[PDB]
Amino acid sequence: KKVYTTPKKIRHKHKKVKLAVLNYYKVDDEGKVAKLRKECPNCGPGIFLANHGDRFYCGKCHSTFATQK
Amino acid sequence: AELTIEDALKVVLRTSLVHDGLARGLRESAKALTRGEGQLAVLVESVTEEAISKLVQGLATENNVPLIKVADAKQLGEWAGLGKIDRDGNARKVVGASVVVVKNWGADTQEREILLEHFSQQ
Ligand SMILES: [Mg+2]
Ligand SMILES: [Zn+2]
């Protein structure tokens with residue numbers, strides 16, 4: 001068989017990068033539990049849309065939300 | 001004690017495991033709560049961050065509170081279903097479960113839930 005040449009690139013996948021987990025919430029003056037980031041209109045509170053620079057995609061819907069806010 | 005020595009909770013957990021209903025972790029618990037999917041709440045005791053615990057408490061308060069605290073998280077992990085099988089008499093890989101929220105309930109009646117009810121409705 002032919003001599004293996006290979007033209008570079010030994011790529012990999014997204015290994016997740018585990019950040020903080022519960023950073024999309026705030027708890028203040030004893031008992032209160034206030035929400036950070038807009039909750040998903042497709043499926044209610046628990047799943048909250050990712051807020052970027054006019055980019056509003058989901059996780060359970062995986063991608064299906066794009067409208068401006 | 002002839003009656004319940006914290007092991008009603010254990011039984012409940014087991015039942016949940018059998019019928020697939022244990023929301024394990026903080027995020028999962030939150031998810032269970034905010035939609036109204038999960039009912040029961042097991043709170044962390046050995047919380048060196050404490051913030052997480054507070055959050056959990058808040059969540060419990062927010063919708064419905066049949067809250068319980070038990071004894072740490074490692075114990076819970078050992079009991080309910082964490083650490084690979086290992087023989088008949090424990091000796092598993094000792095791992096903590098952090099937070100537990102119960103869906104489905106599991107089995108019917110028993111001394112499983114009466115205590116919980118008492119704790120809740122006052
Ligand atoms: Mg080649
Ligand atoms: Zn979604």
# chains A, B, ... in the order shown; residues from 1 in each chain; ligands from 1
>>> residues_around(residues="residue 50 (chain A)", least_positions_apart="5", cutoff="10 Å", atoms="only C-alpha atoms", output="ChimeraX atom specification")
/A:24,37-40,55-59,63,65
>>> write_last_selection(atoms="N, CA, C and O atoms", output="compact mmCIF listing (two decimals), in the first residue's frame")
# COMPACT_ATOMS: atom_id res chain seq x y z
N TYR A 24 -26.60 31.62 36.59
CA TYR A 24 -27.75 32.24 35.93
C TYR A 24 -28.91 32.46 36.92
O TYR A 24 -30.09 32.32 36.58
N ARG A 37 -31.00 36.05 33.30
CA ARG A 37 -31.25 35.63 31.90
C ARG A 37 -32.72 35.28 31.60
O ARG A 37 -33.42 34.69 32.44
N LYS A 38 -33.16 35.66 30.41
CA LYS A 38 -34.55 35.47 29.95
C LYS A 38 -34.90 33.99 29.81
O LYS A 38 -34.19 33.25 29.13
N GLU A 39 -36.00 33.58 30.45
CA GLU A 39 -36.51 32.20 30.36
C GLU A 39 -37.04 31.88 28.96
O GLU A 39 -37.51 32.78 28.25
N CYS A 40 -36.95 30.61 28.57
CA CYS A 40 -37.37 30.18 27.23
C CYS A 40 -38.90 30.25 27.05
O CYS A 40 -39.64 29.71 27.88
N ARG A 55 -28.25 37.69 20.06
CA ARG A 55 -28.27 36.24 19.80
C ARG A 55 -28.91 35.58 21.02
O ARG A 55 -28.40 35.70 22.14
N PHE A 56 -30.03 34.88 20.80
CA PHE A 56 -30.90 34.42 21.89
C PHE A 56 -31.29 32.93 21.85
O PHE A 56 -32.42 32.57 22.20
N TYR A 57 -30.35 32.07 21.47
CA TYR A 57 -30.63 30.63 21.28
C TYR A 57 -30.74 29.81 22.58
O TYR A 57 -30.38 30.29 23.67
N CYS A 58 -31.25 28.58 22.46
CA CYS A 58 -31.63 27.73 23.60
C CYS A 58 -30.68 26.54 23.82
O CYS A 58 -29.55 26.52 23.32
N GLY A 59 -31.17 25.55 24.57
CA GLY A 59 -30.45 24.31 24.85
C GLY A 59 -31.28 23.05 24.71
O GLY A 59 -30.80 22.05 24.17
N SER A 63 -31.18 25.35 19.61
CA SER A 63 -30.86 26.51 18.77
C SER A 63 -32.06 27.40 18.42
O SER A 63 -31.88 28.58 18.10
N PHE A 65 -34.33 29.77 18.64
CA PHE A 65 -34.76 31.12 19.04
C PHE A 65 -33.68 32.10 18.60
O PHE A 65 -32.50 31.92 18.93
>>> residues_near_ligand(ligand="ligand 2", cutoff="7 Å", atoms="only C-alpha atoms and all ligand atoms", output="list in words")
residues 40, 42, 43, 47, 48, 49, 58, 59, 60, 61 and 62 of chain A
>>> write_last_selection(atoms="N, CA and C atoms", output="mmCIF file, in the first residue's frame")
data_model
loop_
_atom_site.group_PDB
_atom_site.id
_atom_site.type_symbol
_atom_site.label_atom_id
_atom_site.label_comp_id
_atom_site.auth_asym_id
_atom_site.auth_seq_id
_atom_site.Cartn_x
_atom_site.Cartn_y
_atom_site.Cartn_z
ATOM 1 N N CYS A 40 -36.950 30.607 28.565
ATOM 2 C CA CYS A 40 -37.367 30.177 27.225
ATOM 3 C C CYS A 40 -38.895 30.246 27.047
ATOM 4 N N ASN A 42 -40.526 28.863 24.537
ATOM 5 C CA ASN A 42 -40.918 27.550 24.009
ATOM 6 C C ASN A 42 -41.254 26.560 25.131
ATOM 7 N N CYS A 43 -40.340 26.440 26.096
ATOM 8 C CA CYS A 43 -40.540 25.643 27.309
ATOM 9 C C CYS A 43 -40.177 26.502 28.521
ATOM 10 N N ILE A 47 -35.330 26.301 31.842
ATOM 11 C CA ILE A 47 -34.539 26.538 30.634
ATOM 12 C C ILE A 47 -34.588 28.033 30.307
ATOM 13 N N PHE A 48 -33.418 28.668 30.350
ATOM 14 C CA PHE A 48 -33.280 30.089 30.016
ATOM 15 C C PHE A 48 -32.373 30.315 28.808
ATOM 16 N N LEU A 49 -32.871 31.128 27.875
ATOM 17 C CA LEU A 49 -32.186 31.501 26.627
ATOM 18 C C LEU A 49 -30.801 32.101 26.874
ATOM 19 N N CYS A 58 -31.249 28.579 22.455
ATOM 20 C CA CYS A 58 -31.628 27.730 23.597
ATOM 21 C C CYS A 58 -30.685 26.536 23.817
ATOM 22 N N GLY A 59 -31.170 25.547 24.574
ATOM 23 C CA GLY A 59 -30.446 24.310 24.851
ATOM 24 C C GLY A 59 -31.281 23.047 24.710
ATOM 25 N N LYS A 60 -32.519 23.081 25.211
ATOM 26 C CA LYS A 60 -33.483 21.989 24.994
ATOM 27 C C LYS A 60 -34.047 22.048 23.571
ATOM 28 N N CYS A 61 -34.259 23.269 23.083
ATOM 29 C CA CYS A 61 -34.546 23.531 21.672
ATOM 30 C C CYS A 61 -33.244 23.577 20.857
ATOM 31 N N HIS A 62 -32.125 23.402 21.568
ATOM 32 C CA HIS A 62 -30.729 23.439 21.077
ATOM 33 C C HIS A 62 -30.262 24.696 20.325
#
>>> interface_residues(of="chain B", to="chain A", cutoff="10 Å", atoms="only C-alpha atoms", output="list in words")
residues 26, 27, 28, 29, 30, 31, 32, 33, 34, 35, 36, 51, 52, 54, 55, 56, 57, 58, 59, 60, 61 and 62 of chain B
>>> write_last_selection(atoms="N, CA and C atoms", output="JSON list (two decimals), in the first residue's frame")
[["chain", "number", "residue", "atom", "x", "y", "z"],
["B", 26, "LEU", "N", -27.84, 20.37, 41.37],
["B", 26, "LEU", "CA", -28.50, 21.62, 41.75],
["B", 26, "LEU", "C", -29.39, 22.08, 40.59],
["B", 27, "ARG", "N", -28.78, 22.09, 39.41],
["B", 27, "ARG", "CA", -29.43, 22.55, 38.18],
["B", 27, "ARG", "C", -30.70, 21.75, 37.92],
["B", 28, "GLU", "N", -30.53, 20.43, 38.04],
["B", 28, "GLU", "CA", -31.63, 19.48, 37.82],
["B", 28, "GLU", "C", -32.78, 19.78, 38.78],
["B", 29, "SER", "N", -32.41, 19.99, 40.04],
["B", 29, "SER", "CA", -33.36, 20.28, 41.11],
["B", 29, "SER", "C", -34.16, 21.54, 40.76],
["B", 30, "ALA", "N", -33.43, 22.55, 40.32],
["B", 30, "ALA", "CA", -34.00, 23.84, 39.94],
["B", 30, "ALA", "C", -35.03, 23.65, 38.83],
["B", 31, "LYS", "N", -34.62, 22.87, 37.84],
["B", 31, "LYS", "CA", -35.45, 22.56, 36.68],
["B", 31, "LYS", "C", -36.76, 21.91, 37.13],
["B", 32, "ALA", "N", -36.61, 20.94, 38.02],
["B", 32, "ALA", "CA", -37.73, 20.19, 38.58],
["B", 32, "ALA", "C", -38.71, 21.13, 39.26],
["B", 33, "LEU", "N", -38.14, 22.03, 40.05],
["B", 33, "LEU", "CA", -38.91, 23.02, 40.82],
["B", 33, "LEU", "C", -39.69, 24.07, 40.00],
["B", 34, "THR", "N", -38.97, 24.85, 39.20],
["B", 34, "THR", "CA", -39.52, 25.99, 38.44],
["B", 34, "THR", "C", -40.67, 25.67, 37.48],
["B", 35, "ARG", "N", -40.66, 24.47, 36.90],
["B", 35, "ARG", "CA", -41.77, 23.99, 36.06],
["B", 35, "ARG", "C", -42.90, 23.35, 36.88],
["B", 36, "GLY", "N", -42.57, 22.89, 38.09],
["B", 36, "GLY", "CA", -43.50, 22.17, 38.95],
["B", 36, "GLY", "C", -43.44, 20.66, 38.75],
["B", 51, "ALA", "N", -23.94, 29.36, 49.47],
["B", 51, "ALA", "CA", -24.72, 30.09, 48.48],
["B", 51, "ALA", "C", -25.70, 29.15, 47.78],
["B", 52, "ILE", "N", -25.17, 28.00, 47.39],
["B", 52, "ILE", "CA", -25.93, 26.96, 46.70],
["B", 52, "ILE", "C", -27.13, 26.53, 47.56],
["B", 54, "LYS", "N", -28.51, 28.16, 50.00],
["B", 54, "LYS", "CA", -29.43, 29.30, 50.10],
["B", 54, "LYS", "C", -30.37, 29.32, 48.90],
["B", 55, "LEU", "N", -29.77, 29.14, 47.73],
["B", 55, "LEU", "CA", -30.49, 29.13, 46.45],
["B", 55, "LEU", "C", -31.56, 28.04, 46.47],
["B", 56, "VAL", "N", -31.14, 26.87, 46.92],
["B", 56, "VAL", "CA", -32.01, 25.69, 47.01],
["B", 56, "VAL", "C", -33.22, 26.00, 47.91],
["B", 57, "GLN", "N", -32.91, 26.61, 49.05],
["B", 57, "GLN", "CA", -33.91, 26.98, 50.04],
["B", 57, "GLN", "C", -34.94, 27.92, 49.42],
["B", 58, "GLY", "N", -34.42, 28.91, 48.70],
["B", 58, "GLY", "CA", -35.23, 29.92, 48.01],
["B", 58, "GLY", "C", -36.18, 29.25, 47.04],
["B", 59, "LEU", "N", -35.62, 28.32, 46.27],
["B", 59, "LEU", "CA", -36.37, 27.56, 45.26],
["B", 59, "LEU", "C", -37.53, 26.81, 45.92],
["B", 60, "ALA", "N", -37.20, 26.17, 47.04],
["B", 60, "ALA", "CA", -38.16, 25.39, 47.82],
["B", 60, "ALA", "C", -39.32, 26.28, 48.27],
["B", 61, "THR", "N", -38.94, 27.45, 48.77],
["B", 61, "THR", "CA", -39.89, 28.44, 49.27],
["B", 61, "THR", "C", -40.85, 28.85, 48.15],
["B", 62, "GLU", "N", -40.26, 29.11, 46.98],
["B", 62, "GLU", "CA", -40.89, 29.79, 45.87],
["B", 62, "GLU", "C", -42.22, 29.21, 45.41]]
>>> residues_near_ligand(ligand="ligand 1", cutoff="8 Å", atoms="only C-alpha atoms and all ligand atoms", output="VMD selection string")
chain A and resid 3 to 6
>>> write_last_selection(atoms="C-alpha atoms", output="PDB file, in the first residue's frame")
ATOM      1  CA  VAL A   3       3.189   5.708   1.645  1.00  0.00           C
ATOM      2  CA  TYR A   4       1.044   7.768   4.076  1.00  0.00           C
ATOM      3  CA  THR A   5       1.748  11.513   3.633  1.00  0.00           C
ATOM      4  CA  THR A   6      -0.928  13.428   5.702  1.00  0.00           C
TER       5      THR A   6
END
>>> select_by_dssp(residues="chain A", states="strand (DSSP E or B)", output="PyMOL selection string")
chain A and resi 25-26+34-35+39+48
>>> select_by_dssp(residues="chain B", states="helix (DSSP H, G or I)", output="ChimeraX atom specification")
/B:7-19,26-35,51-62,74-80,114-120
>>> write_last_selection(atoms="C-alpha atoms", output="short mmCIF file (atom, residue, chain, number, x, y, z; two decimals), in the first residue's frame")
data_model
loop_
_atom_site.label_atom_id
_atom_site.label_comp_id
_atom_site.auth_asym_id
_atom_site.auth_seq_id
_atom_site.Cartn_x
_atom_site.Cartn_y
_atom_site.Cartn_z
CA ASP B 7 -34.98 5.49 56.58
CA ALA B 8 -38.44 6.36 55.26
CA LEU B 9 -36.56 8.93 53.17
CA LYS B 10 -34.16 6.22 51.99
CA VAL B 11 -37.09 4.00 51.03
CA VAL B 12 -38.65 6.86 49.07
CA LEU B 13 -35.36 7.47 47.26
CA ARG B 14 -35.11 3.78 46.39
CA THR B 15 -38.66 3.82 45.02
CA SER B 16 -37.85 6.88 42.91
CA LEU B 17 -34.74 5.17 41.55
CA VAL B 18 -36.79 2.09 40.66
CA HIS B 19 -39.41 4.17 38.77
CA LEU B 26 -28.50 21.62 41.75
CA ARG B 27 -29.43 22.55 38.18
CA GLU B 28 -31.63 19.48 37.82
CA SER B 29 -33.36 20.28 41.11
CA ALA B 30 -34.00 23.84 39.94
CA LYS B 31 -35.45 22.56 36.68
CA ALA B 32 -37.73 20.19 38.58
CA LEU B 33 -38.91 23.02 40.82
CA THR B 34 -39.52 25.99 38.44
CA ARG B 35 -41.77 23.99 36.06
CA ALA B 51 -24.72 30.09 48.48
CA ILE B 52 -25.93 26.96 46.70
CA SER B 53 -27.82 25.87 49.82
CA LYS B 54 -29.43 29.30 50.10
CA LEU B 55 -30.49 29.13 46.45
CA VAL B 56 -32.01 25.69 47.01
CA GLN B 57 -33.91 26.98 50.04
CA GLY B 58 -35.23 29.92 48.01
CA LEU B 59 -36.37 27.56 45.26
CA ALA B 60 -38.16 25.39 47.82
CA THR B 61 -39.89 28.44 49.27
CA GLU B 62 -40.89 29.79 45.87
CA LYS B 74 -22.12 11.76 50.90
CA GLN B 75 -24.53 9.68 52.98
CA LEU B 76 -27.32 10.37 50.49
CA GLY B 77 -25.06 9.32 47.62
CA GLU B 78 -24.17 6.10 49.43
CA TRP B 79 -27.82 5.29 50.10
CA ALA B 80 -30.02 6.35 47.13
CA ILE B 114 -46.59 10.93 56.28
CA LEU B 115 -43.56 12.45 58.01
CA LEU B 116 -42.87 14.62 54.97
CA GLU B 117 -46.48 15.80 54.94
CA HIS B 118 -46.27 16.67 58.63
CA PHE B 119 -43.06 18.63 58.02
CA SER B 120 -44.72 20.53 55.17
#
>>> atom_distance(atom1="CA of residue 82 (chain B)", atom2="CA of residue 46 (chain B)")
17.7 Å
